[PDB]
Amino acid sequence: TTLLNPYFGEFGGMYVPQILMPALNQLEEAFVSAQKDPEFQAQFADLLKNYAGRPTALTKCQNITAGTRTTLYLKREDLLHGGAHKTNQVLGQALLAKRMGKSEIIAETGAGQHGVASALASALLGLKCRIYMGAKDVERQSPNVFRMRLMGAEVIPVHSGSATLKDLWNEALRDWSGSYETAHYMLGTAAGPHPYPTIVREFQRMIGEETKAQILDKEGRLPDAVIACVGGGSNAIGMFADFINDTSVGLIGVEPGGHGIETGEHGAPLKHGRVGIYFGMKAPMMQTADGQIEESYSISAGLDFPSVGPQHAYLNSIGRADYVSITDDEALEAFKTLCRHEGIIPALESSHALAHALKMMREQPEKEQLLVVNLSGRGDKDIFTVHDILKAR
């Protein structure tokens, strides 16, 4: 039994082998006591500010909404240390681990961003970190690999399956199911078994809390909508959580549409997939008619988790949040537009959110709307990807 409700409506749960329940309940209990622990709080806050650089700027776009009645702010998680919002929660989870007495951390990554973030938090905090990565991404994500080992982290090559996020995720769980007594599994997004969706959200929620204070100081009023990309759901639930009871603020989650919903090659399980049970939870996921789990496709490798956090599936079902999709091409156009008009290179993940915001502005240009886009990361890491696509045209 649990201290917190593991379900958001029908979604969520703890669908893991019985052997892992105790680790999960132990993780839940430590989080609840760390949450009412003022030392814990003060310590997480200090690292976020003096080490990660919070609070991040809330920057008003000047040139891109020219000629419309849209005012657009970007919450600058691209300026966080590590270049993405993932640093916030690996710091929190790494403290939690220490608070549990764990000394080792297991993480898995595809593109390698969560891998880099787990390795910096572990380097800082004295934790030994092992990261599963696909045998092929090691070949192409050399830059990220090299960073992780520069950080002291052990990178473990996987050859089981396709080396897709799915198999990295399984490889990591299998290992945890043998070493949970000393290792803490640092899940990368707000999905997976309880209490992970709740813990990653609480550890990302300062995004929305800063944006609310910052928009209120600069505009004197809450936004009309906050928009965020959704690959597993953590930057988005981080941005949304504080506005959930401000019912006039729209919450918009943007999944990758890939090549286009019609083709089948996308990564939008929330709106186009089917409830399944996998990743330790019950949520919408990409799967065959036969129940085999499938891949998510996106030009950004960072939006490919083929399922989505359970609190997003539940906010969508009661109609508190709306979820849309943005194709590769639309995300690339937004990526070029932000570089040229504001001098900010955005991660291609974040470009999906920004393209949705641009479409809102462009479709109805005389609609007066105060929008906040969660710029979840910076796009230096995507420069070759965008270059090569652009070379090809």
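A residue's number is simply how far along the shown sequence it sits, counting from 1.
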As the entry reports it, the stretch among 231-239 and 97-105 with higher mean C-alpha B factor is 97-105
As the entry reports it, the stretch among 334-342 and 35-43 with higher mean C-alpha B factor is 35-43
One of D224, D322, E294, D78 has the largest Cα B-factor in the entry, namely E294
Listed options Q204, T211, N144, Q311: highest C-alpha B factor recorded at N144
In terms of its chain's C-alpha B-factors, the third that includes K271 is the middle
So, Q18's CA B-factor, relative to its chain, sits in which third? The middle
Here the Cα B-factor of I64, set against its chain, lands in the third termed highest
Split the chain's modelled residues into thirds by Cα B-factor; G253 lands in the lowest
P157: CA temperature factor from the record, placed by chain third, in the highest
